[PDB]
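See below for the structure under consideration.
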Number of protein chains: 2
Amino acid sequence: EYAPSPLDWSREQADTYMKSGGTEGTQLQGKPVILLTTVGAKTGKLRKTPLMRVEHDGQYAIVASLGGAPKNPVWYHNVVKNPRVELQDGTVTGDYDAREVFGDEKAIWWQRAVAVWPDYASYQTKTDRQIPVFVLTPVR
Amino acid sequence: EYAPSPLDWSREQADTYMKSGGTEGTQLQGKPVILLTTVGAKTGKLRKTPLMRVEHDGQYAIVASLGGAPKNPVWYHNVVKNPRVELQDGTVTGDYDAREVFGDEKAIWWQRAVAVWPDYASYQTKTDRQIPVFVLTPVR
Ligand SMILES: C[C@H](OP(=O)(O)OC[C@@H](O)[C@@H](O)[C@@H](O)Cn1c2nc(=O)[nH]c(=O)c-2cc2ccc(O)cc21)C(=O)N[C@@H](CCC(=O)N[C@@H](CCC(=O)N[C@@H](CCC(=O)O)C(=O)O)C(=O)O)C(=O)O
Ligand SMILES: C[C@H](OP(=O)(O)OC[C@@H](O)[C@@H](O)[C@@H](O)Cn1c2nc(=O)[nH]c(=O)c-2cc2ccc(O)cc21)C(=O)N[C@@H](CCC(=O)N[C@@H](CCC(=O)O)C(=O)O)C(=O)O
């Protein structure tokens, strides 16, 4: 009662990430965090979203978890509509194309994500909604 | 003169800016440079555009001119359609609302811009078309 909401923390972390040029706000419980920029599905405004860092050979994966909620985070719809995103990993920023993965291809990235953030597994057991995963490829 | 083509240079400067987290690529002939993020008017894709830094009390101005050429840079149309932009000044990134300015209000910012980059004045004498200027106001 009177404490900030999980959404307030997320906003604050994003802000710190931006103000600091990727030097602060890059961690959550000692695990690395990236900053995603998406284009609003409806408004066309830039939205900043801290997410866990899941990386393999220059590609990143992002997970639309929101704890184990019934409904996807709003940013999920931004990525689907506008797959050109920006991902900042510490001081390094790049543009990427995002592609939702399914089945066996997803299970690969899902395992890599759980290795970074074990709670993802627990999130999935809390809900029948299949937690989306996108794979991000640098533009070349 | 062994200069790179203006497109290639722009891409490269933007890239350096992004890779370095605003620590490199922030200068052009000893004058400061910002990195503008816009949403494509038609595609909805993120575009990164290095521009001269023109600043006053937390607001920025940006000037739309490739030399004194007949047609506006294409990013001009992105800002008109999608006035919510991002501006990176060195390590600092923020969200801004952009509005095109005219008459007396423009002349104020035009003076500040010429102080930073005198060539702007010369660009305007090469064309009857009035070189656009936007004023960017922080939001959030
Ligand atoms: C070719 C095009 O680039 P541009 O026209 O944005 O280039 C303008 C240049 O000014 C920039 O490269 C700029 O970075 C250069 N520059 C500077 N330029 C300055 O002006 N001022 C400065 O102070 C400055 C400083 C500066 C300092 C260092 C440096 O390295 C460069 C600097 C492009 O990327 N094309 C791409 C993307 C274009 C795009 O955004 N496309 C939109 C299309 C929206 C549109 O145009 N809508 C209508 C237009 C119709 C109409 O106009 O009525 C349509 O296409 O139907 C989208 O994605 O949606 C492509 O073809 O794919
Ligand atoms: C409430 C909403 O948030 P959301 O995008 O649904 O999801 C909440 C997010 O904070 C949340 O998903 C993540 O940021 C939280 N989060 C992680 N969330 C995850 O899902 N996965 C992670 O791995 C993760 C890691 C993480 C690490 C650190 C941290 O601080 C937060 C982390 C929001 O930001 N609303 C904004 C923007 C909404 C938006 O994009 N609007 C759209 C359309 C909206 C409409 O249709 O009404 C538009 O502009 O077009 C607003 O209402 O103005």
Side-chain angles (χ1 to χ4, degrees), chain A residues 1-40 45-80 85-96 98-101 106-127 129-138, chain B residues 18-23 37 46 86 88 91-95 140:
Chain A
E1 51 100 330
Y2 308 141
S5 83
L7 308 312
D8 290 330
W9 285 120
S10 172
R11 277 175 180 77
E12 167 92 292
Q13 180 148 29
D15 230 79
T16 296
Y17 221 122
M18 288 167 61
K19 268 72 206 112
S20 70
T23 64
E24 293 169 10
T26 72
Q27 294 257 277
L28 175 65
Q29 318 187 0
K31 300 296 184 48
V33 169
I34 62 89
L35 187 64
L36 186 76
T37 304
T38 59
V39 177
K45 298 178 181 177
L46 299 163
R47 309 294 189 190
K48 310 299 265 297
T49 307
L51 298 172
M52 298 312 301
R53 180 186 180 283
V54 189
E55 190 274 349
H56 197 264
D57 299 340
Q59 291 183 308
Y60 294 78
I62 58 177
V63 186
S65 72
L66 201 69
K71 291 179 67 171
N72 283 332
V74 172
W75 65 261
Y76 166 86
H77 297 80
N78 295 338
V79 180
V80 170
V85 304
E86 214 169 85
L87 178 144
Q88 186 176 353
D89 187 351
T91 62
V92 181
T93 296
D95 293 307
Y96 297 85
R99 179 173 65 88
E100 189 167 357
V101 291
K106 179 188 163 175
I108 292 156
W109 288 100
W110 184 257
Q111 181 162 23
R112 313 201 158 125
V114 171
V116 177
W117 191 252
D119 290 327
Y120 281 141
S122 159
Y123 299 163
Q124 189 59 90
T125 59
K126 290 173 189 281
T127 182
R129 167 187 66 92
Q130 288 308 305
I131 292 184
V133 175
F134 295 92
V135 171
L136 275 56
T137 300
Chain B
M18 288 164 60
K19 279 175 207 221
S20 69
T23 66
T37 303
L46 298 173
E86 263 171 11
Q88 187 175 357
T91 63
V92 184
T93 298
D95 295 305
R140 303 195 140 283

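Letters A, B, ... are given to chains in the order of the sequence lines, protein chains preceding strands, and every chain is numbered from 1. Just the heavy atoms: all of them, side chains too, but no hydrogens, waters or symmetry mates, feed the values below.
- Side-chain N or O atoms of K31(A) include one that pairs as donor or acceptor with a backbone N or O of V116(A) at under 3.5 Å.
- Within a 6.0 Å radius of CD in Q111(A), other residues, nucleotides and ligands contribute 12 heavy atoms or fewer.
- The closest donor-acceptor contact from the side chain of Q13(A) to the backbone of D15(A) lies at 3.5 Å or more, if one exists at all.
- In this structure, a donor-acceptor pair under 3.5 Å is present between the side chains of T137(A) and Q59(A).
- In this structure, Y60(A) and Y96(A) have perpendicular ring planes: the angle between them is above 60°, well past the 30° mark.
- Inspection of the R129(A) and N72(A) side chains reveals an N or O donor paired with an N or O acceptor under 3.5 Å.
- Exactly one of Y123(A), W109(A), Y120(A), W117(A) qualifies for a side chain to side chain contact (heavy atoms under 4.5 Å, CB included) with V63(A). That residue is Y120(A).
- Taking CD from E86(A) and CE from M18(B), the interatomic distance works out to 4.5 Å, rounded to the nearest 0.5 Å.
- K19(B) contributes atom NZ, which lies 12.5 Å from atom OG1 of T91(A) (distance to the nearest 0.5 angstrom).
- The closest donor-acceptor contact from the side chain of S20(A) to the backbone of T16(A) lies under 3.5 Å.
- Side-chain contact check for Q124(A) versus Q130(A): some heavy-atom pair is nearer than 4.5 Å.
- Here the CZ atom belonging to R11(A) is positioned 7.0 Å from the OG atom belonging to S5(A), to the nearest 0.5 angstrom.
- For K126(A), the NZ atom is loosely surrounded, since the number of other residues' heavy atoms within 6.0 Å does not exceed 12.
- To the nearest 0.5 Å, atom CE of residue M52(A) and atom CG of residue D119(A) are 9.5 Å apart.
- Among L35(A), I34(A), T37(A), the single residue meeting the side chain to side chain contact (heavy atoms under 4.5 Å, CB included) criterion with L87(A) is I34(A).
- Distance OG1/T49(A) to OH/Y17(A): 12.5 Å, rounded to 0.5 Å.
- Interatomic distance, CD1 of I131(A) versus CG of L66(A), reported as 9.5 Å (0.5 Å rounding).
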